[PDB]
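For reference, the structure is listed below as structure tokens.
Residue numbers (the numbering used here): 107 to 207.
This is the structure in structure tokens:
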């Protein structure tokens with residue numbers, strides 16, 4: 107019983123029309139995970155143009171869910187098996203950590 111954040115990077119090569127279909131498919135995937143979304147965060151990554159200098163292009167979604175930690179590998183396993191998905195990152199939702207004191 108707890109909440110986790112999902113980090114998935116999909117090939118941002120689809121056009122605008124195709125990108126619209128993702129919003130309809132991505133919404134159903136939340137349900138595929140049998141998890142409920144408590145909040146929706148938009149990363150809006152910045153795709154780099156010909157010249158490269160800013161951050162790397164990609165799409166990172168962050169949502170608060172309510173699912174067991176054991177079924178995470180099962181639902182995560184499906185995400186990595188998809189064609190548009192490149193990898194699956196599952197992290198625990200807790201306080202940040204850094205050495206600076």
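Quick reminder that beta carbons are idealized off the backbone N, C-alpha and C, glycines included.
Spatially closest choice to residue i from the options, by CA coordinates
{"i": "residue 169", "options": "177, 189, 162, 135", "result": "135"}
{"i": "residue 145", "options": "110, 186, 206, 187", "result": "110"}
{"i": "residue 192", "options": "198, 199, 184", "result": "184"}
{"i": "residue 179", "options": "199, 195, 116, 124", "result": "195"}
{"i": "residue 129", "options": "167, 155, 160", "result": "167"}
{"i": "residue 117", "options": "198, 189, 202", "result": "189"}
{"i": "residue 173", "options": "159, 198, 156", "result": "198"}
{"i": "residue 114", "options": "137, 123, 149", "result": "149"}
Exposure label - residue i; buried when at least 16 CB within 10 Å
{"i": "residue 139", "result": "buried"}
{"i": "residue 141", "result": "buried"}
{"i": "residue 131", "result": "exposed"}
Beta-bridge partners of residue i, as assigned by DSSP
{"i": "residue 111", "result": "197"}
{"i": "residue 146", "result": "169"}
Coil, strand or helix - residue i by DSSP
{"i": "residue 167", "result": "strand"}
{"i": "residue 116", "result": "strand"}
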